[PDB]
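Chemist: So that we are looking at the same thing, I have put the structure below in structure tokens.
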Amino acid sequence: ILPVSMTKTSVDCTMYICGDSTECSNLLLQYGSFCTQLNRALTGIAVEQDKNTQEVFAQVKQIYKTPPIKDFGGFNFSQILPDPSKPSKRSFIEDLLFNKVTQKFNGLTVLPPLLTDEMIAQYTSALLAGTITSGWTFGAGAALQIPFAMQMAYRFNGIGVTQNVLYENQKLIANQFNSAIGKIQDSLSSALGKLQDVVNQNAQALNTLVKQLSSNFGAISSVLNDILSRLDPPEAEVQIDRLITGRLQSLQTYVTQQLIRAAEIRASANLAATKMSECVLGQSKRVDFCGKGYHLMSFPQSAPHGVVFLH
Amino acid sequence: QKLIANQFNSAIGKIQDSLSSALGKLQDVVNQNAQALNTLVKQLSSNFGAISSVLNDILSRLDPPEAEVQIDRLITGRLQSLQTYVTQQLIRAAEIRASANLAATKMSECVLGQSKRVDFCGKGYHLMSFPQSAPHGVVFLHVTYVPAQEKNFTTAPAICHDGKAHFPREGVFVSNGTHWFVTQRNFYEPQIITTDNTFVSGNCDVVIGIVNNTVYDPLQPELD
Amino acid sequence: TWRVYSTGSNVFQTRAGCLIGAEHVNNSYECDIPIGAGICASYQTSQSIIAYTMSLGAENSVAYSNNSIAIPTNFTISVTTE
Ligand SMILES: *[C@@H]1O[C@H](CO)[C@@H](O)[C@H](O)[C@H]1NC(C)=O
Ligand SMILES: *[C@@H]1O[C@H](CO)[C@@H](O)[C@H](O)[C@H]1NC(C)=O
Ligand SMILES: *[C@@H]1O[C@H](CO)[C@@H](O)[C@H](O)[C@H]1NC(C)=O
Ligand SMILES: *[C@@H]1O[C@H](CO)[C@@H](O)[C@H](O)[C@H]1NC(C)=O
């Protein structure tokens, strides 16, 4: 399991710091560029999430389709291929994954991702159809068809086992594969802690940023309409400046930690993009890079904000 | 060799005129650093709630005891501006460091070697790469082999001959519709199926798809 | 501030909010300007801003069968920058 993106959150620092108050706004102008520099940072985080998603999933030019007749030499891919009967054209195991993983008025917002889950399911189905029908060939150039058992015999030569060891055992090998897929499907019906932690960390940060609006920072009140209702302007200003400085420090803290989270999500997305080229579009000789044991092949499945590889 | 050399020489011409036509990755690190400095300089003219943003116009105007609280606001806002700039430079430097580590390993594995890592050294099968210098960066020219002009053939896992199953040593068995050949897999080059480009394992019963073609033996024709 | 672009002429509710001044079309193209939630916009058209659901690529069905193979008969040397 690898995380690929995080939620494209955005904050208007003027509404966050000041709400409707023009008095607060004219004081906030004395701090210069800070609220512009913060918006620049969050929008930089946001466009990177679409870039992360594109670099993992958009590795195919063609949208490859499976043939209608599933004659794959006894290997059964039904649990990983898309169900045509569902509202989303999504895999049985992808539906199972999408079931496991679980303010705006303050100037907080969430922007939608550029690719929908339908589009990410389309790309992963195209990568599946490419590998199942054409081996690694669609990664290097045009997809060249090859019979699936003959493709698996090349993959045995790739690990230093002769082709006849596959063909003499093809029934057993297909049964061990079909059984192992069924075991994954049972195991997932039991976790996606790698993905759920990214959701929890971001929710914890927004929850804290909202909670800080209730702090008074040594002012008479944390409600700036109450301050501005009780005091005349020269005394209201020194109270509002205490809220402005406390709320700026709260945003500055939040944006700094979002920049640091985005950097490790970017590293995880670069790893996932590399892992799709080397483990899905090819056979890897790198030890433990594509799971434990000698790598034969692997299949991508989409997950909310992430990717799952079946090695 | 002539055809391969012409395809290479031609492809270098396409790079040359495409660069004569972008370097957006190198330009946008220059733009980000310029924008951050321009912002840091522009913060100096802001008041941070002091009576002015010019120290001499505090000091020449006020008594020292009241100047201290005006100065202290400028100290605070400037210090916070500086501290913000340095924090964003530390974060951006970590991203450039990751890019330089990628470029360094990419030079070892793509220039000083030949890589079997799919898509690490450009699209298609990696032949070799050449480095070129660029301002604050590097350019790799990756040279790759891309297969072209497919043909369909029928194929079989094995040949059955003399009741023995024969498998290809390197290639695949293919048929043009009437005859069977063995070919290398990445480039069509059909050859006669023989004892010397195949090997045997077991009888013909176990293999799922298997076909009854002859296998030739080059040591059979000799008479002594 | 600017009463043009309050108009009902070309209006389109999207999951990215409300888009005004762009013509929604039933076709699909590669993404030119990203709007969000699968929607993109472009000038491609007597010419106008159109809005569309993006295409992911050309659809292709591989000629798979239990005894068919495709073999390359030629090659291209290609050079590519990084
Ligand atoms: C191979 O045969 C199929 C079925 O006739 C055809 O659709 C496909 O285009 C052929 N491919 C090539 C490379 O000739
Ligand atoms: C198959 O190849 C052999 C090569 O000698 C040739 O004689 C025969 O005509 C070919 N058949 C077809 C259908 O091209
Ligand atoms: C292959 O050859 C053997 C021996 O002549 C014969 O028993 C068998 O039926 C043949 N099979 C096919 C598919 O021609
Ligand atoms: C291979 O490609 C080159 C370039 O298009 C062409 O000149 C040559 O004749 C081709 N050879 C074959 C066997 O198709």
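Letters A, B, ... mark the chains of the structure tokens in the order given; residue numbers begin at 1 per chain; ligand numbers begin at 1, in order shown.
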Set the cut-off to 9 Å, count only C-alpha atoms and all ligand atoms, and list whatever residues fall near ligand 3 as a VMD selection string.

Modeler: chain B and resid 160 to 163 204 210 to 213

Chemist: Given the selection you just returned, output its residues as a file containing C-alpha atoms, formatted as an mmCIF file, in the first residue's frame.

Modeler:
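Okay, part26.cif is ready:
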```
data_model
loop_
_atom_site.group_PDB
_atom_site.id
_atom_site.type_symbol
_atom_site.label_atom_id
_atom_site.label_comp_id
_atom_site.auth_asym_id
_atom_site.auth_seq_id
_atom_site.Cartn_x
_atom_site.Cartn_y
_atom_site.Cartn_z
ATOM 1 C CA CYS B 160 6.134 -32.724 -30.370
ATOM 2 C CA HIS B 161 8.604 -34.861 -32.372
ATOM 3 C CA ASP B 162 9.516 -38.553 -31.838
ATOM 4 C CA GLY B 163 7.023 -38.478 -28.902
ATOM 5 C CA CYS B 204 4.183 -34.846 -25.497
ATOM 6 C CA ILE B 210 1.742 -28.610 -28.490
ATOM 7 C CA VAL B 211 2.092 -29.227 -32.262
ATOM 8 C CA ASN B 212 3.449 -32.155 -34.312
ATOM 9 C CA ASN B 213 6.096 -30.392 -36.492
#
```

Chemist: Kindly compile the residues surrounding ligand 1 within 7 Å, counting only C-alpha atoms and all ligand atoms, and format them as a ChimeraX atom specification.

Modeler: /B:150-152 /C:63,70

Chemist: Residues contacting ligand 4 - anything with an atom at most 9 Å away, using only C-alpha atoms and all ligand atoms - can you give me those as an mmCIF file with N, CA, C and O atoms, in the first residue's frame?

Modeler:
```cif
data_model
loop_
_atom_site.group_PDB
_atom_site.id
_atom_site.type_symbol
_atom_site.label_atom_id
_atom_site.label_comp_id
_atom_site.auth_asym_id
_atom_site.auth_seq_id
_atom_site.Cartn_x
_atom_site.Cartn_y
_atom_site.Cartn_z
ATOM 1 N N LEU B 3 21.731 1.923 -41.470
ATOM 2 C CA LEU B 3 20.381 2.304 -41.088
ATOM 3 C C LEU B 3 20.328 2.757 -39.629
ATOM 4 O O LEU B 3 19.802 3.824 -39.343
ATOM 5 N N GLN B 7 19.405 6.570 -38.415
ATOM 6 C CA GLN B 7 18.357 6.826 -37.436
ATOM 7 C C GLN B 7 18.888 7.601 -36.232
ATOM 8 O O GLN B 7 18.260 8.568 -35.816
ATOM 9 N N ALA B 148 9.350 -1.972 -33.987
ATOM 10 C CA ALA B 148 8.445 -1.418 -34.989
ATOM 11 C C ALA B 148 7.974 -2.466 -36.006
ATOM 12 O O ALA B 148 8.589 -3.518 -36.166
ATOM 13 N N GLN B 149 6.901 -2.164 -36.734
ATOM 14 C CA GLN B 149 6.346 -2.995 -37.806
ATOM 15 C C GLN B 149 6.064 -4.432 -37.359
ATOM 16 O O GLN B 149 6.713 -5.378 -37.789
ATOM 17 N N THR C 73 9.174 -6.579 -36.820
ATOM 18 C CA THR C 73 9.996 -6.881 -38.002
ATOM 19 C C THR C 73 11.000 -5.787 -38.334
ATOM 20 O O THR C 73 11.827 -5.969 -39.219
ATOM 21 N N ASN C 74 10.965 -4.660 -37.634
ATOM 22 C CA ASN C 74 11.900 -3.557 -37.782
ATOM 23 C C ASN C 74 12.084 -2.851 -36.432
ATOM 24 O O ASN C 74 11.524 -3.272 -35.424
ATOM 25 N N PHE C 75 12.836 -1.762 -36.381
ATOM 26 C CA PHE C 75 13.006 -0.961 -35.174
ATOM 27 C C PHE C 75 13.203 0.514 -35.486
ATOM 28 O O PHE C 75 13.529 0.913 -36.599
ATOM 29 N N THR C 76 13.014 1.329 -34.465
ATOM 30 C CA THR C 76 13.375 2.738 -34.420
ATOM 31 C C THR C 76 14.388 2.945 -33.313
ATOM 32 O O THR C 76 14.109 2.631 -32.164
#
```

Chemist: Can you tell me, as a PyMOL selection string, what residues are no more than 10 Å from residue 137 of chain A when counting only C-alpha atoms, ignoring any on the same chain fewer than 2 positions away?

Modeler: (chain A and resi 130-131+133-135+139-146+281-282) or (chain B and resi 124+147+186)

Chemist: Using only C-alpha atoms, find which residues of chain C lie within 9 Å of chain B and jot them down as a list in words.

Modeler: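 Here they are: residues 66, 67, 68, 69, 70, 71, 72, 73, 74, 75, 76, 77, 78, 79, 80, 81 and 82 of chain C.
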
Chemist: Write out the residues from the selection above, keeping N, CA and C atoms, as a PDB file, in the first residue's frame.

Modeler:
```pdb
ATOM      1  N   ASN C  66      -5.369 -17.608 -27.514  1.00  0.00           N
ATOM      2  CA  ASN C  66      -4.528 -18.619 -26.873  1.00  0.00           C
ATOM      3  C   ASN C  66      -3.358 -19.139 -27.730  1.00  0.00           C
ATOM      4  N   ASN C  67      -3.252 -18.750 -29.001  1.00  0.00           N
ATOM      5  CA  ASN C  67      -2.194 -19.190 -29.905  1.00  0.00           C
ATOM      6  C   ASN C  67      -1.682 -18.109 -30.870  1.00  0.00           C
ATOM      7  N   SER C  68      -1.927 -16.827 -30.613  1.00  0.00           N
ATOM      8  CA  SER C  68      -1.492 -15.721 -31.477  1.00  0.00           C
ATOM      9  C   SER C  68      -0.366 -14.927 -30.834  1.00  0.00           C
ATOM     10  N   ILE C  69       0.664 -14.563 -31.591  1.00  0.00           N
ATOM     11  CA  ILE C  69       1.741 -13.689 -31.128  1.00  0.00           C
ATOM     12  C   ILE C  69       2.056 -12.621 -32.161  1.00  0.00           C
ATOM     13  N   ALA C  70       2.421 -11.421 -31.729  1.00  0.00           N
ATOM     14  CA  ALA C  70       2.939 -10.389 -32.617  1.00  0.00           C
ATOM     15  C   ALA C  70       4.444 -10.207 -32.428  1.00  0.00           C
ATOM     16  N   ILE C  71       5.235 -10.270 -33.496  1.00  0.00           N
ATOM     17  CA  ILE C  71       6.695 -10.097 -33.447  1.00  0.00           C
ATOM     18  C   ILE C  71       7.083  -8.836 -34.227  1.00  0.00           C
ATOM     19  N   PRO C  72       7.978  -7.967 -33.736  1.00  0.00           N
ATOM     20  CA  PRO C  72       8.467  -6.815 -34.486  1.00  0.00           C
ATOM     21  C   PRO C  72       9.307  -7.234 -35.678  1.00  0.00           C
ATOM     22  N   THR C  73       9.174  -6.579 -36.820  1.00  0.00           N
ATOM     23  CA  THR C  73       9.996  -6.881 -38.002  1.00  0.00           C
ATOM     24  C   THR C  73      11.000  -5.787 -38.334  1.00  0.00           C
ATOM     25  N   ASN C  74      10.965  -4.660 -37.634  1.00  0.00           N
ATOM     26  CA  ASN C  74      11.900  -3.557 -37.782  1.00  0.00           C
ATOM     27  C   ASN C  74      12.084  -2.851 -36.432  1.00  0.00           C
ATOM     28  N   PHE C  75      12.836  -1.762 -36.381  1.00  0.00           N
ATOM     29  CA  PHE C  75      13.006  -0.961 -35.174  1.00  0.00           C
ATOM     30  C   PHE C  75      13.203   0.514 -35.486  1.00  0.00           C
ATOM     31  N   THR C  76      13.014   1.329 -34.465  1.00  0.00           N
ATOM     32  CA  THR C  76      13.375   2.738 -34.420  1.00  0.00           C
ATOM     33  C   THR C  76      14.388   2.945 -33.313  1.00  0.00           C
ATOM     34  N   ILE C  77      15.544   3.512 -33.616  1.00  0.00           N
ATOM     35  CA  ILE C  77      16.361   4.182 -32.611  1.00  0.00           C
ATOM     36  C   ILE C  77      15.730   5.532 -32.323  1.00  0.00           C
ATOM     37  N   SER C  78      15.426   5.839 -31.069  1.00  0.00           N
ATOM     38  CA  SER C  78      14.948   7.164 -30.682  1.00  0.00           C
ATOM     39  C   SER C  78      15.826   7.778 -29.608  1.00  0.00           C
ATOM     40  N   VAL C  79      15.911   9.102 -29.620  1.00  0.00           N
ATOM     41  CA  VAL C  79      16.649   9.889 -28.638  1.00  0.00           C
ATOM     42  C   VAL C  79      15.668  10.795 -27.928  1.00  0.00           C
ATOM     43  N   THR C  80      15.729  10.870 -26.609  1.00  0.00           N
ATOM     44  CA  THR C  80      14.790  11.654 -25.811  1.00  0.00           C
ATOM     45  C   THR C  80      15.502  12.390 -24.687  1.00  0.00           C
ATOM     46  N   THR C  81      15.129  13.637 -24.423  1.00  0.00           N
ATOM     47  CA  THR C  81      15.741  14.469 -23.381  1.00  0.00           C
ATOM     48  C   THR C  81      15.099  14.242 -22.025  1.00  0.00           C
ATOM     49  N   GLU C  82      15.884  14.312 -20.963  1.00  0.00           N
ATOM     50  CA  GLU C  82      15.394  14.480 -19.600  1.00  0.00           C
ATOM     51  C   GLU C  82      16.151  15.611 -18.918  1.00  0.00           C
TER      52      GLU C  82
END
```

Chemist: Would you name the residues within 9 Å of ligand 2, counting only C-alpha atoms and all ligand atoms, and put them as a PyMOL selection string?

Modeler: chain B and resi 175-181

Chemist: Keeping only C-alpha atoms, write those residues as a compact mmCIF listing (two decimals), in the first residue's frame.

Modeler:
```txt
# COMPACT_ATOMS: atom_id res chain seq x y z
CA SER B 175 4.30 -20.25 -38.01
CA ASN B 176 3.76 -18.34 -41.25
CA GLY B 177 0.59 -20.49 -41.74
CA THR B 178 2.30 -23.50 -43.45
CA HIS B 179 5.80 -23.85 -41.90
CA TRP B 180 7.18 -23.65 -38.36
CA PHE B 181 10.29 -21.69 -37.35
```

Chemist: For chain C, list the residues within 10 Å of chain A, counting only C-alpha atoms, and write the list as an MDAnalysis selection string.

Modeler: chainID C and resid 15:17 31 34:40 54:72

Chemist: Can you check which parts of chain A lie within 6 Å of chain B? Per residue, the shortest pair of atoms and distance in Å to one decimal, counting only C-alpha atoms, sorted by chain and number, as CSV.

Modeler:
```
residue,atom,partner,partner_atom,distance
A:30,CA,B:48,CA,5.1
A:31,CA,B:48,CA,4.8
A:32,CA,B:46,CA,5.4
A:140,CA,B:124,CA,4.0
A:167,CA,B:207,CA,5.6
A:168,CA,B:206,CA,5.9
A:277,CA,B:118,CA,5.7
A:278,CA,B:118,CA,5.2
```

Chemist: At what distance in Å, to one decimal, does atom CA of residue 296 of chain A lie from atom CA of residue 188 of chain A?

Modeler: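 Result for atom CA of residue 188 of chain A versus atom CA of residue 296 of chain A: 22.4 Å, one decimal.
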
Chemist: Hey, what's within 12 Å of segment 196-207 of chain A if we count only C-alpha atoms and toss same-chain stuff fewer than 6 positions away? As a count of residues only, please?

Modeler: 45

Chemist: Could you pull the residues within 10 Å of residue 43 of chain C, counting only C-alpha atoms, minus those fewer than 4 positions along the same chain, as a PyMOL selection string?

Modeler: chain C and resi 22+32-33+47-51

Chemist: So that I can see what lies close to residue 29 of chain B, please list as an MDAnalysis selection string the residues with an atom at most 12 Å from it, counting only C-alpha atoms and leaving out residues fewer than 5 positions away in the same chain.

Modeler: chainID B and resid 23:24 34:36 89 92:93 95:96 99 135:137

Chemist: Can you spit out the residues from that selection as a PDB file, in the first residue's frame, using N, CA and C atoms?

Modeler:
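After the write, result-v2.pdb holds the following:
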```pdb
ATOM      1  N   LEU B  23      12.873  24.324 -21.111  1.00  0.00           N
ATOM      2  CA  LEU B  23      13.607  24.118 -19.859  1.00  0.00           C
ATOM      3  C   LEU B  23      12.833  24.585 -18.619  1.00  0.00           C
ATOM      4  N   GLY B  24      11.517  24.390 -18.597  1.00  0.00           N
ATOM      5  CA  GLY B  24      10.625  24.905 -17.557  1.00  0.00           C
ATOM      6  C   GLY B  24      11.034  24.516 -16.141  1.00  0.00           C
ATOM      7  N   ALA B  34      13.980  33.918  -6.970  1.00  0.00           N
ATOM      8  CA  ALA B  34      13.858  35.355  -7.196  1.00  0.00           C
ATOM      9  C   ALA B  34      12.626  35.943  -6.499  1.00  0.00           C
ATOM     10  N   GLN B  35      11.476  35.288  -6.607  1.00  0.00           N
ATOM     11  CA  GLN B  35      10.241  35.716  -5.960  1.00  0.00           C
ATOM     12  C   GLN B  35      10.341  35.731  -4.434  1.00  0.00           C
ATOM     13  N   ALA B  36      11.002  34.745  -3.835  1.00  0.00           N
ATOM     14  CA  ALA B  36      11.210  34.700  -2.397  1.00  0.00           C
ATOM     15  C   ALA B  36      12.101  35.845  -1.909  1.00  0.00           C
ATOM     16  N   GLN B  89      13.370  28.303   2.351  1.00  0.00           N
ATOM     17  CA  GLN B  89      14.613  27.889   1.701  1.00  0.00           C
ATOM     18  C   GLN B  89      15.090  26.516   2.160  1.00  0.00           C
ATOM     19  N   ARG B  92      12.744  24.021   0.326  1.00  0.00           N
ATOM     20  CA  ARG B  92      13.076  23.994  -1.100  1.00  0.00           C
ATOM     21  C   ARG B  92      14.445  23.389  -1.381  1.00  0.00           C
ATOM     22  N   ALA B  93      15.431  23.597  -0.526  1.00  0.00           N
ATOM     23  CA  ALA B  93      16.726  22.952  -0.651  1.00  0.00           C
ATOM     24  C   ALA B  93      16.640  21.434  -0.533  1.00  0.00           C
ATOM     25  N   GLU B  95      14.153  19.586  -1.553  1.00  0.00           N
ATOM     26  CA  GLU B  95      13.638  19.170  -2.851  1.00  0.00           C
ATOM     27  C   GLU B  95      14.721  19.179  -3.930  1.00  0.00           C
ATOM     28  N   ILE B  96      15.560  20.211  -3.987  1.00  0.00           N
ATOM     29  CA  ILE B  96      16.704  20.235  -4.901  1.00  0.00           C
ATOM     30  C   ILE B  96      17.690  19.118  -4.573  1.00  0.00           C
ATOM     31  N   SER B  99      16.383  15.943  -6.048  1.00  0.00           N
ATOM     32  CA  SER B  99      16.608  16.002  -7.489  1.00  0.00           C
ATOM     33  C   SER B  99      18.066  15.770  -7.873  1.00  0.00           C
ATOM     34  N   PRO B 135      22.479  25.346 -17.114  1.00  0.00           N
ATOM     35  CA  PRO B 135      22.635  26.236 -15.971  1.00  0.00           C
ATOM     36  C   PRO B 135      21.836  25.736 -14.766  1.00  0.00           C
ATOM     37  N   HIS B 136      22.520  25.453 -13.656  1.00  0.00           N
ATOM     38  CA  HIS B 136      21.965  24.843 -12.438  1.00  0.00           C
ATOM     39  C   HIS B 136      21.302  23.474 -12.612  1.00  0.00           C
ATOM     40  N   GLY B 137      21.586  22.754 -13.686  1.00  0.00           N
ATOM     41  CA  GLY B 137      20.951  21.474 -13.962  1.00  0.00           C
ATOM     42  C   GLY B 137      21.777  20.573 -14.849  1.00  0.00           C
TER      43      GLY B 137
END
```
